[PDB]
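The chain contents come next:
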Amino acid sequence: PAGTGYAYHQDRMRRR
Amino acid sequence: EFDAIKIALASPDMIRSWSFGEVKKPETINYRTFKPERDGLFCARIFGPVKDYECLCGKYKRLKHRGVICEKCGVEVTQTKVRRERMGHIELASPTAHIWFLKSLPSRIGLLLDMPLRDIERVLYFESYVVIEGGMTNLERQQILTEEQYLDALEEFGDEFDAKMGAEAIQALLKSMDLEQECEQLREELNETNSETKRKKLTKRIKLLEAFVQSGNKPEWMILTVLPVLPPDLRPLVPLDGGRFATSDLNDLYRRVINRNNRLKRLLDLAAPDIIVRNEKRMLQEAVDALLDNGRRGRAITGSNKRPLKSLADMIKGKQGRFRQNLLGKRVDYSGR
Amino acid sequence: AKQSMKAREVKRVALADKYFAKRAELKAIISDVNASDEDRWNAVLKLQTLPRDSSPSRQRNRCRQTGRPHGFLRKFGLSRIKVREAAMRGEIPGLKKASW
Amino acid sequence: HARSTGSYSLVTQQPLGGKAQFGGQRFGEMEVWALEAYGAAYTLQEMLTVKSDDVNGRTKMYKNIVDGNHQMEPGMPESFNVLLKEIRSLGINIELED
Amino acid sequence: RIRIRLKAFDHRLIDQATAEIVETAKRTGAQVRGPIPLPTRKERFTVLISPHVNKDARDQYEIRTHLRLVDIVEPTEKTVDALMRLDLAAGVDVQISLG
Amino acid sequence: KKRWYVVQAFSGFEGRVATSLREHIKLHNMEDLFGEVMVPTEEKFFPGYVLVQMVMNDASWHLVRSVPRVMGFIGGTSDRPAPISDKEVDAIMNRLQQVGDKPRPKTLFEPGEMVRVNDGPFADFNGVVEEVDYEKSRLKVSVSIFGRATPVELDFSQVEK
Ligand SMILES: [Zn+2]
């Protein structure tokens, strides 16, 4: 949840 | 797929729900052929078939009836990696308290039952007695008892009087420990005192007393009653180049716990005197404590030659455990040097 | 045979199955020379009280297919006529026409 | 030394170590820190799930590479399941929620 | 010693079974006693063949139960257990008896 | 008066411990301080404990613990170790063979149809027993041989419930 995966974790944290 | 990882204590119902069969016999394998042991550590019915979709002994050699279990085989019928996820459980004859909750510094059972570590170990290694709701006598609940203290009490308070020892007694104490009641008391004790040292000693005890009530962790889950065994695939038995099997250390640990547990069941089933059995339960306690975290008790056991053998906690901790050696750093395909 | 007869037979069989233990015991009691006279008498009377169809000497062996009382064979459970048919068809194992 | 796809170890499904055993180079801990230090996230995900540990993940990967696809189905490291079995073999009840 | 009593209605079938059993014995163990033929039971039956009446009209059937006595003198580990696997022809009642 | 005590030996060397104990008695000639030495046996409880008729002096205590392959006594404490009882000796005298009596001169293991044969010709095998000859000590366990439930006269001790 830092690099390229920060967009993925934004998406997963938004979709809860 | 999944959020947070939750860690908690393991209830005996939870350990029986993990399990797929009681591991009785300590006999590892046949060793003169290739077959295992029915039903020993490396069982068939309790875990699974060595070969994929095959009864190890003889039936189902195609892909039609995956599951049937004949009486001649006492074997499940699934994948080769099915045994890696399946775990067994050892019905410990005598209760044995966990070493991780008895010697963690500070011990989990040390600041919960308001008893010094030294006194906790004495009773735990069959060297001291502990009272449990005696009755109308002149004795406390936490106060312990020695051979001379018990002998005299035995002839004195022969009636309503309870004074056990070992994990059994400890378990009872924890089991009969009103968590909620202690909270208020501790909280009231902290608000009715000014002692600096006491304040810190009371705030550290009430913190672990209210945290246990916040979760679904019971006080009687500290003592191990239904010891769980790691999957065979995870304790692999491969031979090196030759004709002998280079056996792992965990198989020595589990095989000793099962040898001692069978001895303790046989001594308990022969209606022998009530004291006999203290050495037997103490050897089982030390065997379980050596299986879980080896060497935290006095000098660690050893197979070959003087080097101690590696236990489960030593498969976790250290520079060569699972975190620092297989999960943070991995060996990697498509790589060169 | 009729259906009714068959039914009756079945009933008898059932009764026999039921009352065997008691009846046998009673018989034993009656026999036993080393026993009281009054007891023996009671046993005899007790037996009378029990149903008649409870006796095994009441039930007739009938053919299992047709219920024909006569011409029966025990090994096959069939009346002669049916047995023969079975033999002809190949339905009784091992059985063939014998000459010597 | 060089390795595309060789043998795999038995207790933890990771490649073997060394040269005589046809093995792969250890992508150690400080290299994991050095890829956290960039923003390389997919490179580290395939560097410790697809290329190394997950067996169904790497067979899906091998089919996808020989068909031109270039895509990973991630899954879980099998050695993390080994960590679950070793912690679970104590009196500890570790799980996976939700 | 393991005595084995093969019983069947078909003689050929019985013979086949016996041979098979011998084979099973002989590879694993040693000194198979042998396939000894006992007397055959010729259980005869007469029946009236008419539906109603004709008494001299009769069919005389029989069932020839054949016996084969196979004995095994040395029961080893491997041999006795083998029996379970080796499946023989149907309609042959076997009867093994150790001692 | 000599009271009883329990000794722990290395389990398996128990007869040799008993012989060495009798010999140490007749070496250090404290003959008036030892009565017997019991290792009971059924057609073997207790699994590793030696019963000694004895008295308690510290000299005789050092004697029994100086006997080789002996760990120590089993009692409440190690200062004054514990004798066992005497009220349970009257009931044990009337009965000394509860795991091998003639109370049940027939069934040694539940028949039904679940048993395993190991002391007979077909070892490491199980089968279903329809009828049984307890009177003549015989079993008609129909083991699975050549895809058939063939019975075989087995011995009660030869089979296992
Ligand atoms: Zn099978």
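Residues numbered from 1 in each chain as written, not as in the entry; some residues may be left out. Chains lettered and ligands numbered in written order. Part of a larger assembly, values for the part shown. Heavy atoms only, no water. Residues with missing side-chain atoms left out of burial classes, pairs and counts.

The record names cryo-EM as the way this model was obtained, at a resolution of 6.0 Å.

**Side note on the coordination of the zinc ion**
All names here are of chain B. Those protein atoms acting as donors to the zinc ion are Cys-55 (SG) and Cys-70 (SG), and they sit at 2.7 to 2.8 Å. Here the residue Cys-55 occupies a position in the loop between β2 (19-22) and β3 (87-97), and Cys-70 occupies one in the loop between β2 and β3, the gap between them amounting to 15 residues. With respect to class, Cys-55 is no different from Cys-70; both count as buried. (Donors = N, O, S within 2.8 Å, 3.2 Å for Na, K, Ca; no water. Helix = DSSP H or I, 4+ residues; strand = E, 2+ residues; numbered from the N terminus. Buried < 20%, exposed > 50% of the residue type's maximum accessible area, 1.4 Å probe, protein only.)

**A look at the sheet that holds strand β5 (residues 115-117) of chain F**
Residue and element names in this part refer to chain F. Overall, antiparallel pairing links the five strands, which are arranged β8-β7-β6-β5-β9 in an open sheet. A single partner strand is all that each edge strand has here, and the edge strands are β8 (149-154) and β9 (159-160). Pairing analysis gives three bridges linking β5 to strand β6 (residues 125-133), with the strands arranged antiparallel. Counterpart to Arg-116 in the pairing with β6 is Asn-126. (Pairing = 2+ DSSP bridges.)

**Section: the interface of chain B and chain D**
Listed as interface residues are 49 residues of chain B and, on the opposing side, 50 residues of chain D. The junction of chain B with chain D conceals about 4700 Å² of combined surface from both sides, 57% of it contributed by carbon and sulfur atoms. The largest share of the area that chain B buries against chain D comes from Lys330(B), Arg331(B) and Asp333(B), three residues that together contribute 17% of it. Here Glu86(D) makes a salt bridge to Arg322(B), at a shortest N to O gap of 3.3 Å. For the pair chain B and chain D, the number of links is 23 residue pairs in polar contact. (Contact = heavy atoms within 4.5 Å. Buried area = accessible area lost by both parts, 1.4 Å probe. Salt bridge = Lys/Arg side-chain N within 4 Å of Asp/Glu carboxyl O. Polar contact = N/O pair within 3.5 Å; in protein donor to acceptor, adjacent residues only side chain to side chain.)

**Some words on the packing of helix α7 (residues 249-268) of chain B against helix α8 (residues 278-292) of chain B**
Residue and element names in this part refer to chain B. Orientation of α7 relative to α8, taken along the N-to-C sense of each, is 160 degrees, at an axis distance of 9 Å. One finds that α7 runs roughly antiparallel with respect to α8. The handedness of the crossing between α7 and α8 is left-handed. Facing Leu-253, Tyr-254, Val-257, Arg-260, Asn-261, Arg-263, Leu-264 and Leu-267 of α7, the residues of α8 in contact are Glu-280, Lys-281, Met-283, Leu-284, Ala-287, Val-288, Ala-290 and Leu-291. When its residues are assigned to classes, the contact of α7 with α8 shows eleven nonpolar, one polar and four charged. (Axes fitted to C-alpha atoms, helices over the stretch in contact; angles between N-to-C directions. Parallel < 35°, antiparallel > 145°, perpendicular 65-115°, else oblique. Left-handed = near helix turned anticlockwise from the far one by under 90°. Nonpolar A, V, L, I, M, F, W, Y, C, P; charged D, E, K, R; others polar.)

**Some thoughts on the arrangement of the chains**
Looking across the seven pairs of chains in contact, one finds the most contacts between chains B and D. Without any contact between them, chain D and chain F keep their closest C-alpha atoms 30 Å apart.

**Quick notes on unusual backbone geometry**
Residues and elements named next belong to chain B. For the peptide bond that leads from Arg-38 to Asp-39, omega is 0 degrees, which places it in the cis range. Mapped onto the elements of the fold, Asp-39 is located in the loop between β2 and β3. The linkage connecting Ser-304 with the following residue, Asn-305, adopts the cis geometry, with an omega of 0 degrees. By the secondary structure assignment, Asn-305 is in the loop between α8 and α9 (313-316).

**Points about the interface of chain C and chain E**
It is common to give the size of an interface as the accessible area lost on bringing the parts into contact. If you look at the interface, chain C gives 16 residues, while chain E gives 17 residues. For the pair chain C and chain E, the number of links is three salt bridges. Between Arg84(C) and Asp59(E) there is a salt bridge; the shortest N-O distance is 3.3 Å. Counting across the interface, chain C meets chain E through seven residue pairs in polar contact. Among the secondary structure elements, those contributing two or more residues to the side of chain C that touches chain E are α4 (80-89) and β3 (95-97) of chain C. In terms of residue count, the dominant contributor to the side of chain C that touches chain E is α4(C) (five residues). A per-class count over the side of chain C that touches chain E returns nine nonpolar, one polar and six charged. Inspection of the sheet shows β3(C) paired to strand β4 (residues 58-72) of chain E by three bridges, in the antiparallel sense. Looking at the pairing, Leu95(C) lines up with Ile63(E) of β4(E).

**Describing the nonpolar core**
A general trend in soluble globular proteins is that nonpolar side chains are found buried together. Counting residues in hydrophobic clusters, the biggest one holds 87 residues, and the most contacted among them are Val23(B), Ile90(B), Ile109(B), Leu227(B) and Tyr254(B). Apart from residues no more than four positions distant in its own chain, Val23(B) is found in contact with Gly40(B), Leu41(B), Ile46(B), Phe47(B), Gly88(B), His89(B), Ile90(B), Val229(B) and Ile258(B). By size, the runner-up hydrophobic cluster in this structure holds 37 residues, among which are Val32(E), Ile96(E), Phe122(F) and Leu139(F). (Core = buried A, V, L, I, M, F, W, Y, C linked by side-chain atoms within 4.5 Å.)

**Quick notes on the side chain of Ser89(D)**
Checked against the element boundaries, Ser89(D) lands in the loop between α4 (78-88) and β3 (92-94). Take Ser89(D): its relative accessible area is 0%, and that puts it in the buried class. A polar contact is formed between the side chain of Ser89(D) and the backbone oxygen of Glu86(D), at a distance of 2.8 Å. Once residues lying within four places of it in the same chain are set aside, the contact partners of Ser89(D) are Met87(B), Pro228(B), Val229(B), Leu230(B), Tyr254(B) and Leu312(B).

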